[PDB]
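Nothing in this text is a laboratory measurement; each read-out follows from the coordinates by a stated rule. Virtual Cβ from ideal backbone geometry, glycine too; neighbours counted across all protein chains shown.
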Amino acid sequence: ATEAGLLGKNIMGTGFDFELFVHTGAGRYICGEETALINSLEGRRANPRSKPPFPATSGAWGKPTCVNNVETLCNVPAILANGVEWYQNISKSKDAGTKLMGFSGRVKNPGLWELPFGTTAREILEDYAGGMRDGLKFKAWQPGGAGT
Amino acid sequence: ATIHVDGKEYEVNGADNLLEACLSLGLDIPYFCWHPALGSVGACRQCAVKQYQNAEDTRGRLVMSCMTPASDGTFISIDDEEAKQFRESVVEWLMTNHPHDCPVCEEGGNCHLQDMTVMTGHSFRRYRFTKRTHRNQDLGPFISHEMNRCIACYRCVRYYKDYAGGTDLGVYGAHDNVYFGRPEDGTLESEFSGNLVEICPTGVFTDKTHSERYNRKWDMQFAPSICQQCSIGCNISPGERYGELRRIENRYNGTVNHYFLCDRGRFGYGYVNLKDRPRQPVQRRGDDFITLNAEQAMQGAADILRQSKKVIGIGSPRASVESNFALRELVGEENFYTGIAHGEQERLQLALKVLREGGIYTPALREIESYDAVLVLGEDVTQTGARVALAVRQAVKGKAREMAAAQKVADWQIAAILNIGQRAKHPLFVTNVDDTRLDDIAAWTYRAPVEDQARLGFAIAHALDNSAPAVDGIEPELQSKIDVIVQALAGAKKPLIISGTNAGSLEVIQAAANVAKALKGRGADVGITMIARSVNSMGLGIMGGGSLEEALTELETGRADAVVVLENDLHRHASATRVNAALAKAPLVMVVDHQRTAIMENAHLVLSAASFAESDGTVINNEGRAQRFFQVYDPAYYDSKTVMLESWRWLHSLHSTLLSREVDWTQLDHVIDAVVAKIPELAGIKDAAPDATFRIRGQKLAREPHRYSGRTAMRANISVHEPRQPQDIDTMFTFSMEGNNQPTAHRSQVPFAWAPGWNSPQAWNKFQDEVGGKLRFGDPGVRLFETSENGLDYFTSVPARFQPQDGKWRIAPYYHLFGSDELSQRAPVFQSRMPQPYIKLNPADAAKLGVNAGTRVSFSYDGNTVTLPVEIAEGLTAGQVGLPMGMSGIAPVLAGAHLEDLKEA
Amino acid sequence: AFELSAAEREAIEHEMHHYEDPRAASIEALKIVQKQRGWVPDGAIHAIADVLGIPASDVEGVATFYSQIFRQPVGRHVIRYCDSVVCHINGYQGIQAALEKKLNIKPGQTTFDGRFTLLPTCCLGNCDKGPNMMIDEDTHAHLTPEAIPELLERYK
Ligand code: SF4
Ligand code: SF4
Ligand code: SF4
Ligand code: FES
Ligand code: FES
Ligand SMILES: [Ca+2]
């Protein structure tokens, strides 16, 4: 993208300068917290910070800083390309857009599928994950990872 | 602001958080990680209270009172059941890994963690698993390390890094394996590391000097005193046991030295417990050394003083105001000589004239932390007035404080303040002969001789105001740095100029005065700060007298056949050979001192005076504040043959025996009233402390806690008949627990802090009107002089540029916090902390002389060919030799002198 | 007796170019030293502190805070097996038992020849293909206890 006129100086003739870096972490779970992410980006121990103040006003190095997930920034170009009204008309649910959902752990086909919001967890388990494996019964499930 | 605590309406300050607002009102909330000086971080989660937004609300929300602002319309509950159970659970979680160490802990009975475990009411252990352990590090001679007792409250690292500016203490480790200390073993080289023993709520960092001879806090006999190791005059609480000075605790003075001392004033007290100190009057008869009591000493001394034609008196800046005045009134106005040299006295009187005649307000030490742009001229503050350097660090971080305050961020949110103010800080410009310890935060550091520092000061004064005298011959790069300094100082709202008499030059003080005058002429809130050398240098300068050289030549020509030396070694302010010859030629030398100095071999009579731990008196600090220090213990209670009295008592009884042939032991208030009657400029020392007739509802002030133990057994080896407690006729204190030490008593002199439920140094919260603010009913000590209506004129004596003369070497002073004091270096614990005597040399000068680093060269000054090993100093200017002032054989009077015959030997 | 090589020094300086604070390159400086030498020795903390200008206490705190910055000497190859919840469902215990049977060590130690160092690690983000194991730069999925001896011979 940098060589093909999309990152660096004077992007697409507008006059906007933007530099993109990849900061590879050093293996700590708490670094995913946004203020601990900011602390780790400043070369410090990844202790989180109290809010207020939020990172939007004083974040990385005291500057305005917005921290967003990968999937949010992957949702944004579809919004800016195919429009806003198309994005609100994906599913008839209060949560607009599509979420990467999926079941894992001793199921027939564990994986990751892009589904609209409002799809029940049973449709993910039987239609997509295929249900439980051979000779195995269902006891419990966790919706959003280890912290749910 | 108006808050509601447990249904009761309270009026609080809305810029404070809920914890300090509630602690100011007397409400007890448990807390660990919050400190009044450091700020709020929300770590320990101990300060939980239940907050409601409406008056009609049942559920509420558990919040941290240290992280919650005390806004108007908040309804908090402290003793709600949910909040109490959560605080008890936090104490329990801290108690899961805490070792069973309270009997073998130096912090036992002084422990914040013990107090907060008792306050939450947790006394039953349901945790049955293992406790984590930690190895310990060697942190030097002062601080003992015991990492198992840590509760991970992060007070130590926050103080040591974000406040003291230290670089070798930090947090290491992980989830529950957090370690607090150094990356390796070694001495904590911060000059304020001694405050860790009071910052830490647990027994991790402890006083090793106190741990050598350890007693508990209830066994300590305390007194309010003033630290005598330099001129700043920090209020201390010396505490003794069994006749020896055990510990020096911090005494809260919200005006001077609120929560923090320096390491010299906290660990340099070991000279009091030396066994070579004089304990009786000793008279020399030929080779025999006979011992007298007080009456025979007075009668014999008065007989020889009457049998002499003229008696002169050499005071000292180490002595108190009353003792120097008693010497002056014993020998006369014209026969009294200050013990300092002529150049030291000239610099001291110039500094005093600038302070009380320059028209520029000299700030208190707490007020130093509010000035914007700081210019230090000549002074090595961190080695001579270190606490001023700490306040300078606070004033430097004031820029980040104001930048965060511009973004509606609260004052107590210290982490957000440091986040917003990343590296932007207030301008600091230090000048010295070499690199200082303020260079990490200094906007610029000028390494030059004192003549060039004075010339840079005069150039700054000329560029700020063109009426100031100009200095010609400044390089364009130096001119650019000067105009950078001028643009930083002129744009400041409260500029501060710090100089002192330790630089060894008069023109440095003149240049600082001219800079302050130029800043005042532009309409700026300029403050000036002179750093003196000794504890009562300013009082000796105000009282005045002749120099040491005048007394020496008076003894040498024979006009003085009797010399009385008051607490002076006389080798610190003059050459040892001349002093020895003068005192050997005089037929009567009478030395009133409490430390075994070198001139006692020639002394015909030695009076065993009392040190600050055994005497009452007044000392004038560097800003002109008269402060009263009180006696800690009676030396003769345990050791019955000890005849050790106050020096002013010695000299007053000596003058009474001289006049009326009667021995008269006076009272402290009588000598105080004599000073106010005779010296109108020392009139403020009467109001420094109330007299001995002061009572709190009829009772005196207790020197020891109410649980002082061993009363009927601490003297039972001498005799089973317990004697009467010693009577204090001098002060309002008593040498017993039968007295008053309430937090709500109407007094300003607090010997120690204790409250029911608060045994730690956090008990100072109960003794203040607001926590971290002023002391209740005012701080002790009053200012001697006010700011004058008019100021001085510009000093036009601009010095010439330093040209390195061949053969002669200019002595550049190198002051050390451990080593440059007269009495602190006599402490045995300072031997392992004092640096080795190294003469500092330029690489070019050492290459010219053929010397490399490590080898020994010899130099001769006044017939003393002494040899020192060479340390290479890159920042030192060529033509100078760096010498350590105050070391063995190198007097501070050697600063600015010449040095001939510098050869490798 | 420690001294930063040339290439490490220009790598640290080039990473200091990326941020407006030299402190922010501390994690990558430690990772560069670890990539060069296998781990971060004692003198590396002070050398990185000198090359960044920050105190050595902060460098030590960063090095001891992060689990993948090794402050103790490791073997030639670092085996890192996931012990999180999904691989616990998928049976990481058999994989760990096979690794203990092969290497004859406990998790956290290094073999006597210094070939493999065995370490538990958190979730590798490959839970649909569990159990997983991270050897030095390679992730291995769909693990079986009989595939451990055939899989440990490609790292000499
Ligand atoms: S730090 Fe306090 S609670 Fe811990 S062992 Fe020492 S006295 Fe007891
Ligand atoms: S060592 Fe003391 S001050 Fe530091 S975190 Fe532990 S308990 Fe707090
Ligand atoms: S700064 Fe001076 S007066 Fe204060 S504690 Fe240190 S030596 Fe004592
Ligand atoms: S005092 Fe509030 S969380 Fe520590
Ligand atoms: S739980 Fe093991 S890879 Fe995620
Ligand atoms: Ca007394």
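Residues checked against (1) hydrophobic (A, V, I, L, M, F, W, C); (2) closer than 27 Å to B:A364 by Cβ:
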position: B:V374; (1), (2): yes, yes
position: B:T382; (1), (2): no, yes
position: B:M403; (1), (2): yes, yes
position: B:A406; (1), (2): yes, yes
position: B:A416; (1), (2): yes, no
position: B:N419; (1), (2): no, no
position: B:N466; (1), (2): no, no
inquiry  = Checking the conditions here, which among B:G109, B:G140 is more than 22 Å from B:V178 (Cα to Cα), part of a loop (DSSP other than H, G, I, E, B) and either within 14 Å of chain C (Cβ to nearest Cβ) or away from ligand 5 (no atom under 16 Å from the Cβ) (or both)?
reply    = B:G109
query = For segment B:251-275, what are the residues that are within 15 Å of ligand 3 (Cβ to nearest atom) and under 19 Å from B:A827 (Cα atoms)?
reply = B:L261, B:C262, B:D263, B:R264, B:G265, B:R266, B:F267, B:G268, B:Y269, B:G270, B:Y271, B:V272
message = Which pairs turn up if I take residues in segment C:85-100 that are within 9 Å of another protein chain (Cβ to nearest Cβ) and look for partners that are of a type in the set (D, E) with beta carbon separation below 9 Å, at least 6 apart in sequence or on another chain?
response = C:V86/C:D128
task = Look at C:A47 and say whether it is more than 10 Å from every other protein chain (Cβ to nearest Cβ), surrounded by 18 or more Cβ atoms within 10 Å (Cβ to Cβ) and among the small types (G, A, S).
result = yes
query = Name the residues in segment C:1-39 that are of a type in the set (D, E, K, R), surrounded by fewer than 16 Cβ atoms within 10 Å (Cβ to Cβ) and within 14 Å of chain A (Cβ to nearest Cβ), would you?
reply = C:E20, C:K35
inquiry  = Taking the conditions exactly as written (in contact (Cβ under 8 Å) with a residue 12 or more places away in the chain, away from ligand 5 (no atom under 16 Å from the Cβ) and within 14 Å of another protein chain (Cβ to nearest Cβ)), does B:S40 satisfy them or not?
reply    = yes
inquiry  = Please pick out the residue among B:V63, B:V49, B:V91 that is away from chain A (no Cβ under 14 Å) and in a strand (DSSP E or B).
reply    = B:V49
ask   = Scanning segment B:643-665 for residues that are outside any helix (DSSP H, G or I) and more than 18 Å from B:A688 (Cβ to Cβ), which turns out farthest from ligand 5 (Cβ to nearest atom)?
value = B:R661
message = Suppose the filter is out of contact with any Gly (no Cβ under 7 Å at 6 or more places or on another chain) and of a type outside the set (S, T, Y); does C:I95 pass it?
response = yes
request  = Kindly establish whether C:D42 is out of contact with any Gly (no Cβ under 7 Å at 6 or more places or on another chain), of a type in the set (D, E, K, R) and within 8 Å of another protein chain (Cβ to nearest Cβ).
outcome  = yes
remark   = When every residue in segment C:101-125 that is under 30 Å from A:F103 (Cβ atoms) and in contact (Cβ under 8 Å) with a residue 40 or more places away in the chain is compared, the one nearest to the other protein chains (Cβ to nearest Cβ) is C:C122
key: Members of segment A:96-133 that are closer than 19 Å to C:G125 by Cβ and away from chain C (no Cβ under 13 Å)   = A:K99, A:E114
ask   = Would you say B:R856 is crowded, with 21+ Cβ neighbours inside 10 Å, touching a residue at least 24 places away in the same chain (Cβ under 8 Å) and within 20 Å of B:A905 (Cα to Cα)?
value = no
inquiry  = Can you name every one of the strands (runs of 3 or more DSSP E) wholly within segment B:174-267 that holds 3 or more residues which are without any contact (Cβ under 8 Å) to a residue 40 or more places away in the chain and farther than 27 Å from B:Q46 by Cβ?
reply    = B:244-250
query = Looking at B:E88, B:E106, which is the one that is acidic (D, E), away from ligand 6 (no atom under 16 Å from the Cβ) and touching an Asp or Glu at 6+ places or on another chain (Cβ under 9 Å)?
reply = B:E106
task = For segment A:81-95, indicate whether the set of residues that are within 14 Å of chain C (Cβ to nearest Cβ) and out of contact with any strand residue (DSSP E or B) (no Cβ under 9 Å at 6 or more places or on another chain) is non-empty.
result = no
task = Could you tell me whether B:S748 is out of contact with any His (no Cβ under 7 Å at 6 or more places or on another chain), under 30 Å from B:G358 (Cβ atoms) and either away from ligand 6 (no atom under 16 Å from the Cβ) or part of a loop (DSSP other than H, G, I, E, B) (or both)?
result = yes
inquiry  = Quick check on B:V63: is it away from ligand 6 (no atom under 16 Å from the Cβ), β-branched (V, I, T) and within 36 Å of the chain's Cα centre (by Cα)?
reply    = no
Considering residues of segment B:398-414 that are out of contact with any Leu (no Cβ under 8 Å at 6 or more places or on another chain) and in contact (Cβ under 8 Å) with a residue 24 or more places away in the chain only, the residue farthest from the other protein chains (Cβ to nearest Cβ) = B:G398
query = Mind checking which pairs have a first residue in segment B:108-121 that is among the acidic types (D, E) and a second that is away from ligand 6 (no atom under 16 Å from the Cβ), Cβ under 7 Å, 6 or more apart or different chains?
reply = B:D115/B:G757; B:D115/B:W758; B:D115/B:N759; B:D115/B:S760
key: Subset of segment B:45-54 [surrounded by fewer than 23 Cβ atoms within 10 Å (Cβ to Cβ) and within 26 Å of B:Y163 (Cβ to Cβ)]   = B:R45
inquiry  = Looking for something buried (at least 24 other Cβ atoms within 10 Å of the Cβ), charged (D, E, K, R) and more than 30 Å from A:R49 (Cβ to Cβ) - is there at least one such residue anywhere in segment B:384-403?
reply    = yes
query = How many of the residues in segment B:153-202 are of a type in the set (S, T, N, Q) and either within 9 Å of another protein chain (Cβ to nearest Cβ) or surrounded by fewer than 19 Cβ atoms within 10 Å (Cβ to Cβ) (or both)?
reply = 3
note = Heads up, the helices (runs of 4 or more DSSP H) in segment B:320-397 (entirely inside) with at least 3 residues that are hydrophobic (A, V, I, L, M, F, W, C) and under 26 Å from B:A812 (Cα atoms) are B:342-357
inquiry  = For A:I38, only one of the following conditions fails: (1) of a type in the set (A, V, I, L, M, F, W, C); (2) within 11 Å of chain C (Cβ to nearest Cβ); (3) out of contact with any helix residue (DSSP H, G or I) (no Cβ under 6 Å at 6 or more places or on another chain). What is its number?
reply    = (3)
Evaluation of C:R80 against (1) more than 18 Å from the chain's Cα centre (by Cα); (2) within 14 Å of chain A (Cβ to nearest Cβ) (one fails), failing number = (1)
request  = Could you tell me which residue of segment B:415-455 is nearest to the other protein chains (Cβ to nearest Cβ), considering only residues that are farther than 17 Å from B:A492 by Cβ and touching a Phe, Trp or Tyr at 6+ places or on another chain (Cβ under 6 Å)?
outcome  = B:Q422
